[PDB]
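Everything below concerns the one structure shown next.
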Amino acid sequence: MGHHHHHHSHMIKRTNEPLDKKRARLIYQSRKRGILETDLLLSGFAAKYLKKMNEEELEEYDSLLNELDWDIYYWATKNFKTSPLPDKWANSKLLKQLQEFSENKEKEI
């Protein structure tokens, strides 16, 4: 249940690129993952939603790429017992999109 290991990262909030290349970047970092469970979840989610979403929504998605594998997976599966839901996701539409994705994934219509 979870992997609470803190990592060394530099939060460089800069965008000087084509918006199609930014979608490719965020979908790429979405397919860089610690576990295959969150990998399959965010790979299908990113490839689908980043096509329809504006850069503002993509920046909320950037905030999701800063989060840990198992934490993302528990909020999507509604296992808030193991990983409690933070403020940034408590009022977020993107979180609810990820939950509404999790129920479907391999089942459309």
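Ordered as shown in the structure tokens, chains take letters A, B, and onward, while each chain numbers its residues from 1 and ligands are numbered from 1 in the order shown.
Residues with any atom within 8 Å of range 77-82 of chain A, counting only C-alpha atoms and excluding same-chain neighbours fewer than 4 positions away, are residues 1, 2, 73, 99 and 102 of chain A.
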| said: So that I can check the secondary structure, give me every residue of range 9-94 of chain A assigned helix (DSSP H, G or I) by backbone DSSP, as a PyMOL selection string. | reply: chain A and resi 19-30+36-52+55-65+69-76+87-90+93-94
Selection: 8 Å around range 30-38 of chain A, only C-alpha atoms, excl. self and same-chain fewer than 6 positions, as a PDB file with N, CA and C atoms, in the first residue's frame:
```
ATOM      1  N   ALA A  46      -4.327  10.316 -20.625  1.00  0.00           N
ATOM      2  CA  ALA A  46      -3.539  11.391 -21.264  1.00  0.00           C
ATOM      3  C   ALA A  46      -3.753  11.438 -22.783  1.00  0.00           C
ATOM      4  N   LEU A  65       0.908  15.218 -12.700  1.00  0.00           N
ATOM      5  CA  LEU A  65       2.221  14.586 -12.999  1.00  0.00           C
ATOM      6  C   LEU A  65       3.238  14.770 -11.842  1.00  0.00           C
ATOM      7  N   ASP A  69       2.539   7.854  -7.960  1.00  0.00           N
ATOM      8  CA  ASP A  69       1.794   6.740  -8.612  1.00  0.00           C
ATOM      9  C   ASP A  69       0.599   6.210  -7.791  1.00  0.00           C
ATOM     10  N   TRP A  70       0.896   5.610  -6.624  1.00  0.00           N
ATOM     11  CA  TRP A  70      -0.126   4.958  -5.787  1.00  0.00           C
ATOM     12  C   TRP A  70      -1.179   5.952  -5.277  1.00  0.00           C
ATOM     13  N   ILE A  72      -2.238   8.827  -6.842  1.00  0.00           N
ATOM     14  CA  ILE A  72      -3.085   9.037  -8.051  1.00  0.00           C
ATOM     15  C   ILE A  72      -4.066   7.853  -8.259  1.00  0.00           C
ATOM     16  N   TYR A  73      -3.528   6.628  -8.116  1.00  0.00           N
ATOM     17  CA  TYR A  73      -4.280   5.376  -8.320  1.00  0.00           C
ATOM     18  C   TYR A  73      -5.405   5.206  -7.265  1.00  0.00           C
TER      19      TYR A  73
END
```
| field | Given only C-alpha atoms as the counted atoms, nearest of A:29, A:109, A:56, A:101 to residue 75 in chain A | value |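 For residue 75 in chain A, the nearest of the candidates is A:101.
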| task | Choose the residue, out of A:44, A:90, A:50, A:108, that has the smallest atom-to-atom separation from residue 62 in chain A; count only C-alpha atoms. | result |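 Result for the nearest residue to residue 62 in chain A: A:50.
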| query | Which residues come within 12 Å of range 14-27 of chain A, counting only C-alpha atoms, excluding same-chain residues fewer than 4 positions away, as a VMD selection string? | reply | chain A and resid 10 31 to 33 39 to 66
Please produce an output containing N, CA and C atoms for each residue in the selection, written as a compact mmCIF listing (two decimals), in the first residue's frame.
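Listing of again_33.txt after writing:
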```
# COMPACT_ATOMS: atom_id res chain seq x y z
N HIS A 10 13.14 19.87 -9.44
CA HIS A 10 13.12 21.32 -9.66
C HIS A 10 11.85 21.72 -10.45
N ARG A 31 3.46 8.60 -19.15
CA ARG A 31 3.93 7.23 -19.47
C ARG A 31 5.33 6.95 -18.89
N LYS A 32 5.89 7.92 -18.12
CA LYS A 32 7.00 7.64 -17.19
C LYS A 32 6.41 7.48 -15.78
N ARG A 33 6.45 6.24 -15.24
CA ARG A 33 5.71 5.84 -14.02
C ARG A 33 6.49 4.78 -13.21
N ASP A 39 0.41 3.54 -14.67
CA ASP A 39 0.89 3.69 -16.06
C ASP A 39 -0.25 3.51 -17.09
N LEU A 40 -0.97 2.37 -17.02
CA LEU A 40 -2.12 2.07 -17.92
C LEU A 40 -3.27 3.08 -17.74
N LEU A 41 -3.50 3.48 -16.47
CA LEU A 41 -4.52 4.49 -16.09
C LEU A 41 -4.25 5.86 -16.78
N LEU A 42 -3.07 6.44 -16.50
CA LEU A 42 -2.68 7.77 -17.00
C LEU A 42 -2.31 7.76 -18.50
N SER A 43 -1.84 6.62 -19.04
CA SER A 43 -1.51 6.49 -20.50
C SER A 43 -2.76 6.64 -21.38
N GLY A 44 -3.83 5.91 -21.00
CA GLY A 44 -5.12 5.99 -21.68
C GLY A 44 -5.83 7.33 -21.45
N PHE A 45 -5.75 7.84 -20.21
CA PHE A 45 -6.32 9.14 -19.81
C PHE A 45 -5.66 10.31 -20.58
N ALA A 46 -4.33 10.32 -20.62
CA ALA A 46 -3.54 11.39 -21.26
C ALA A 46 -3.75 11.44 -22.78
N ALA A 47 -3.65 10.26 -23.42
CA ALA A 47 -3.82 10.12 -24.89
C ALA A 47 -5.23 10.54 -25.36
N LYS A 48 -6.22 10.46 -24.46
CA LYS A 48 -7.64 10.80 -24.74
C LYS A 48 -7.97 12.29 -24.45
N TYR A 49 -7.68 12.71 -23.21
CA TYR A 49 -8.13 14.00 -22.64
C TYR A 49 -7.27 15.19 -23.10
N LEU A 50 -5.94 15.01 -23.25
CA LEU A 50 -5.04 16.12 -23.68
C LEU A 50 -5.36 16.63 -25.11
N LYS A 51 -6.00 15.78 -25.93
CA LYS A 51 -6.50 16.19 -27.26
C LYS A 51 -7.64 17.24 -27.15
N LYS A 52 -8.59 17.01 -26.22
CA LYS A 52 -9.79 17.87 -26.06
C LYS A 52 -9.56 19.06 -25.08
N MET A 53 -8.59 18.92 -24.15
CA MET A 53 -8.35 19.93 -23.08
C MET A 53 -7.49 21.13 -23.56
N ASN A 54 -7.84 22.32 -23.04
CA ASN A 54 -7.08 23.58 -23.23
C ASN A 54 -5.82 23.59 -22.32
N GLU A 55 -4.85 24.49 -22.60
CA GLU A 55 -3.57 24.55 -21.86
C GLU A 55 -3.79 24.73 -20.32
N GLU A 56 -4.84 25.48 -19.94
CA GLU A 56 -5.24 25.67 -18.52
C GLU A 56 -5.51 24.32 -17.81
N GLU A 57 -6.32 23.47 -18.48
CA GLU A 57 -6.62 22.09 -18.03
C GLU A 57 -5.35 21.19 -18.05
N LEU A 58 -4.50 21.39 -19.08
CA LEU A 58 -3.17 20.72 -19.20
C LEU A 58 -2.21 21.11 -18.04
N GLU A 59 -2.37 22.32 -17.48
CA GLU A 59 -1.59 22.79 -16.30
C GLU A 59 -2.11 22.17 -14.99
N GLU A 60 -3.42 21.91 -14.93
CA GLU A 60 -4.01 21.09 -13.86
C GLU A 60 -3.50 19.63 -13.98
N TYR A 61 -3.33 19.16 -15.23
CA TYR A 61 -2.78 17.83 -15.53
C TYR A 61 -1.27 17.76 -15.19
N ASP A 62 -0.55 18.88 -15.38
CA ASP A 62 0.86 19.02 -14.96
C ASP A 62 0.96 18.84 -13.42
N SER A 63 0.02 19.46 -12.69
CA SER A 63 -0.13 19.29 -11.22
C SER A 63 -0.37 17.81 -10.82
N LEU A 64 -1.01 17.02 -11.71
CA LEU A 64 -1.23 15.56 -11.52
C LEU A 64 0.07 14.75 -11.76
N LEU A 65 0.91 15.22 -12.70
CA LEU A 65 2.22 14.59 -13.00
C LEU A 65 3.24 14.77 -11.84
N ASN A 66 3.04 15.82 -11.02
CA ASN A 66 3.86 16.08 -9.80
C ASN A 66 3.50 15.10 -8.64
```
| note | Closest of A:97, A:86, A:103, A:67 to residue 7 in chain A, counting only C-alpha atoms, is A:67
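Reported to one decimal place, the separation of CA of residue 87 in chain A from CA of residue 105 in chain A is 25.7 Å.
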| query | In Å, how far is it from CA of residue 106 in chain A to CA of residue 74 in chain A? | reply |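 CA of residue 74 in chain A lies 18.6 Å from CA of residue 106 in chain A.
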| query | Hey, which of A:68, A:96, A:6, A:11 ends up closest to residue 83 in chain A? Count only C-alpha atoms. | reply |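 So, comparing all the options, the nearest one is A:68.
CA of residue 71 in chain A is found 12.0 Å from CA of residue 5 in chain A.
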